[PDB]
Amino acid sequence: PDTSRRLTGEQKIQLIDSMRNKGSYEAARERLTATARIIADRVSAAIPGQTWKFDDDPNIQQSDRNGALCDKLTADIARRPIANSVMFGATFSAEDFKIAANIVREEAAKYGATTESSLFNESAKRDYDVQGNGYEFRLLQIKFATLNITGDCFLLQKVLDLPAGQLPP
């Protein structure tokens, strides 16, 4: 290997070690699911007759459980948590949607997610997405309304159990 290859190898280890302080993907997924509950509860309490549940579909559950890929680490090392998907009982009107979106905004900001967008906002479809700090919170309604959250990248607890300064096998 030349020097650039040797150093990049050292840097794989350093990258992992620098992420140890963040805690595990497993803890993050738990906490993000709690945050989804908080948002859904506040949304339901702000909006007359709105209800919610965690999606009970067994393959949605497995998919959320598995998480999403990190940008620069493989799935055996680190993953981005996906909070258990939230399904709302009723669709939102335009006014109620703005209320719910404000609640999502308030909670997302606590995670450093403050960059806002909407692919559309009408009877046909309503979308509110806010990202930042590697998090993404999305309230999307086409035929029915959902809340989803994906977190930043976290090392799996099995990597955290590896001594620091070592390449994971």
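A residue's number is simply how far along the shown sequence it sits, counting from 1.
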| remark: Quick note on 115 to 123 and 138 to 146: per-entry mean CA temperature factor is higher in 115 to 123
| said: Between 60, 70, 28, 100, which one tops the list for Cα B-factor in this entry? | reply: 70
| request: Taking the values exactly as deposited, rank residue 153 by C-alpha B-factor within its chain and report the matching third: lowest, middle or highest. | output: highest
| Taking the C-alpha B-factors as the PDB entry records them, is residue 43 in the lowest, middle or highest third of its chain? | highest
| So where's residue 21 on the chain's Cα temperature factor ranking, which third? | highest
| field | Assigned third (lowest, middle, highest) for the C-alpha B factor of residue 91 | value | lowest
| task | Could you say whether, by C-alpha temperature factor, residue 166 belongs to the lowest, middle or highest third of its chain? | result | highest
